[PDB]
S.K.: 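Pasting in a structure now, in structure tokens, and then I'll have a few things to ask.
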Amino acid sequence: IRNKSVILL
Amino acid sequence: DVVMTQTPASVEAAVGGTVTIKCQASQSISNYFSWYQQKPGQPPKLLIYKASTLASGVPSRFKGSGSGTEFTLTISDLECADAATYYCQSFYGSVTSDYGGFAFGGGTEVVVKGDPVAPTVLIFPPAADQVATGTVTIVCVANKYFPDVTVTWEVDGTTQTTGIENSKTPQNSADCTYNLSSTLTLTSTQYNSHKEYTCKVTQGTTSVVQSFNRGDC
Amino acid sequence: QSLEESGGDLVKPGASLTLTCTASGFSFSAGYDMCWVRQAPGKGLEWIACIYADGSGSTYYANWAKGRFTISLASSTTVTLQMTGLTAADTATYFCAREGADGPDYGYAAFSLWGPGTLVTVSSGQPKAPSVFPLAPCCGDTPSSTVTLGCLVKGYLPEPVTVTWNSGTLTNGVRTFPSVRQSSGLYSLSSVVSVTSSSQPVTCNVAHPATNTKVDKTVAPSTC
Ligand SMILES: *[C@@H]1O[C@H](CO[C@@H]2O[C@@H](C)[C@@H](O)[C@@H](O)[C@@H]2O)[C@@H](O)[C@H](O)[C@H]1NC(C)=O
Ligand SMILES: *C(=O)COCCOCCN
């Protein structure tokens with residue numbers, strides 16, 4: 001989830 | 001975790017009208033925000049993503065708007081086919097920690113108000129093989145009606161207050177009407193001890209009544 | 001491209017269960033997540049977990065689901081969900097969903113493709129196949145060239161049952177009503193159809209997968 005957050009946000 | 005507060009829980013609007021649904025986020029969220037349409041028995045269908053972009057094939061009378069902590073879905077030129085439950089959804093997360101995911105609003109049931117239609121009513125005596133099992137279930141169906149009805153069961157003219165279940169179909173996609181099935185369950189002794197079985201379906205100042213006499217079936 | 005979930009069943013409190021999501025028309029590749037979402041009867045959608053489709057196997061979970069649920073990519077066309085410690089709070093339809101994307105590198109955190117769902121029932125009740133009874137107007141009623149007939153699917157557990165008419169060849173004007181939970185704790189469901197009384201014998205085909213039940217009932221036009 002942190003990686004997905006970095007990418008999208 | 002983000003919580004989405006979706007209002008109203010239910011809304012009714014005429015064919016050709018407009019429904020508006022609001023979703024409020026418990027904290028500031030990004031515009032990775034989506035809206036879904038769910039008809040009974042079906043999976044959700046994606047309508048809008050990135051707050052306002054239409055999914056493939058979705059017409060622009062579905063309009064997603066908002067940002068920050070408040071997002072809105074506006075459905076205009078309402079059709080009977082739009083009868084469904086709608087949900088908002090936030091994606092949220094943190095660049096710093098292993099926190100985030102997907103939060104859904106609680107849903108909004110949309111009722112589309114078409115023409116008023118009185119039901120026609122059918123009653124079904126228990127099949128001959130039911131009675132030997134010790135219980136019988138009598139079925140009454142109210143067909144093709146709008147708005148909602150109230151069902152009363154009578155046994156020899158006495159209103160029944162137990163043993164009744166009601167089930168309603170989704171609104172018809174062409175004319176907005178419902179259908180309803182009502183069941184009355186009795187022991188075989190009760191069934192064989194009475195004569196007349198009646199389903200009364202009431203819609204305001206209109207009533208449609210259907211009976212049978214056990215000795216005639 | 002499509003998805004189909006399988007594995008839902010009646011299970012006892014404390015049980016474990018594995019659900020499977022099977023992809024058709026595509027196989028997994030980088031650029032999106034595959035996820036599970038559930039819905040308790042009469043309630044809203046609740047996200048469970050996602051797994052990267054890119055082959056890394058990286059997963060992320062709802063806080064409530066950590067430790068009891070595991071999502072996996074079991075093959076290039078199957079996602080599984082392993083559930084443990086089940087209670088009545090886990091009774092729900094479980095959906096598999098594919099995250100949509102508008103670019104090749106990652107998705108947009110909304111679910112564009114969904115399966116039809118699979119139902120999990122957590123209960124101490126035992127499996128029960130339904131009895132199917134015809135629905136026809138009273139024998140004494142005057143006959144008509146058209147008549148509405150039906151079937152009552154009574155007393156089953158767990159949901160679902162499915163009903164078709166004449167092996168699926170009769171569909172016009174069929175009304176299959178949502179199930180109801182009777183006071184016995186068992187479910188019942190009715191289906192009716194309107195047909196021309198001539199040259200048209202109608203049979204309801206009922207299936208209850210939890211007991212491997214299939215039953216046909218041909219419905220005579222009256223209770224005579
Ligand atoms: C971070 O994510 C990168 C992009 O992968 C895409 O988006 C993620 C969120 C998943 O949906 C995945 O299936 C997509 O292909 C990855 O290339 C990269 O390896 C990731 N890095 C880490 C440290 O996890
Ligand atoms: C989130 O995008 C993927 O999370 C995978 C599990 O967390 C990784 C821990 N380093």
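Quick note on labels: first sequence line is chain A, next is B, and so on, each numbered from 1. Below, all heavy atoms of this structure are taken into account, side chains as well, without hydrogens, waters or symmetry copies. Counting convention: from 1, in listed order, for ligands and their atoms alike.
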S.K.: Centres of the B:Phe102 and B:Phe91 rings: under 6.0 Å?
M.R.: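 Yes, they do, as the ring centres are separated by less than 6.0 Å.
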
S.K.: Of all the non-hydrogen atoms in the protein, which one sits nearest to atom 9 (C) of ligand 2, and at what distance?
M.R.: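 Scanning the protein heavy atoms, the shortest distance from atom 9 (C) of ligand 2 goes to B:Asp98 OD1, 4.5 Å.
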
S.K.: Quick one: which residue pairs count as a side chain to side chain donor-acceptor pair (under 3.5 Å) with a foot in residues 23-32 of chain B, not counting sequence neighbours?
M.R.: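 Checked against side chain to side chain donor-acceptor pair (under 3.5 Å) - neighbours excluded - the pairs reaching residues 23-32 of chain B are B:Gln27-B:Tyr99.
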
S.K.: Scan residues 24-79 of chain C for pairs that pass disulfide bond (SG atoms under 2.5 Å apart), counting only residues two or more places apart or in two chains.
M.R.: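 Applying disulfide bond (SG atoms under 2.5 Å apart) to every pair that reaches into residues 24-79 of chain C, excluding sequence neighbours, yields C:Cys35-C:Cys50.
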
S.K.: Can you name the atoms of ligand 2, numbered from 1 with element, that are less than 4.0 Å from a heavy atom of C:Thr59?
M.R.: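 Atoms satisfying the 4.0 Å criterion: 4 (O), 5 (C), 6 (C).
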
S.K.: With a cut-off of under 6.0 Å to the ring centre and 45° to the axis, is C:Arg98 in cation-pi contact with C:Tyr32?
M.R.: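 Yes, C:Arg98 lies over the aromatic ring of C:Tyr32.
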
S.K.: From atom 4 (O) of ligand 2, is the closest protein heavy-atom distance below 4.0 Å?
M.R.: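 There is a protein heavy atom less than 4.0 Å from atom 4 (O) of ligand 2.
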
S.K.: Which pair of non-hydrogen atoms, one from B:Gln6 and one from B:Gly107, has the smallest distance, and what is that distance?
M.R.: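 Answer, listing the atom of B:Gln6 first, then B:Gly107: OE1-N, 3.0 Å.
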
S.K.: N/O of C:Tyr60 under 3.5 Å from N/O of ligand 2, yes or no?
M.R.: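 N/O-N/O distance under 3.5 Å: no.
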
S.K.: Might you list the protein residues in contact with ligand 1, defined as having a heavy atom under 4.0 Å from one of its atoms, sorted by chain and number?
M.R.: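 For ligand 1, the contacting residues are A:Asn3, A:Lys4, A:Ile7, C:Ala30, C:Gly31, C:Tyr32, C:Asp33, C:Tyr52, C:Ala53, C:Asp54, C:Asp105, C:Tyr106.
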
S.K.: Between C:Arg181 and B:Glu165, is there a salt bridge with N-O shorter than 4.0 Å?
M.R.: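 C:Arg181 and B:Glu165: not salt-bridged.
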
S.K.: Under a 4.0 angstrom heavy-atom cut-off, which atoms of ligand 2 come close to A:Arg2?
M.R.: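 Counting from 1, the qualifying ligand atoms are 1 (C), 2 (O).
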
S.K.: Enumerate the atoms of ligand 2 whose separation from the nearest heavy atom of A:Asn3 is less than 4.0 angstrom.
M.R.: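 Those atoms are 2 (O).
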
S.K.: Which atoms of ligand 2 have any heavy atom of A:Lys4 under 4.0 Å away?
M.R.: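 What qualifies from ligand 2 is 2 (O).
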
S.K.: Do me a favour and list the nearest non-hydrogen protein atom to atom 1 (C) of ligand 2 with residue, atom name and distance?
M.R.: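 The answer is A:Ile1 N, 1.4 Å.
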
S.K.: Tell me whether the count of non-hydrogen atoms from other residues, nucleotides or ligands lying under 6.0 Å of NZ in C:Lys43 goes above 12.
M.R.: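 Atom NZ in C:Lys43 is not packed in, count stays at 12 or less.
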
S.K.: Compute the shortest N/O to N/O distance between C:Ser58 and ligand 2 and return yes if it is under 3.5 Å, no if not.
M.R.: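 In this structure, C:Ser58 places no N or O atom under 3.5 Å from an N or O of ligand 2.
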
S.K.: Among residues two or more places apart or on two chains, list those pairs meeting disulfide bond (SG atoms under 2.5 Å apart) that have a residue in residues 65-116 of chain B.
M.R.: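 Residue pairs passing disulfide bond (SG atoms under 2.5 Å apart), neighbours aside: B:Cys23-B:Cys88, B:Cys80-B:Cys176.
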
S.K.: Is it true that A:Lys4 and C:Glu99 have a side-chain N and a carboxylate O under 4.0 angstrom from each other?
M.R.: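 Answer for the salt bridge query: yes.
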
S.K.: Determine whether a donor-acceptor pair (N or O, by modelled atom type, separation under 3.5 Å) exists between the side chain of B:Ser97 and the backbone of B:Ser94.
M.R.: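 Absent.
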
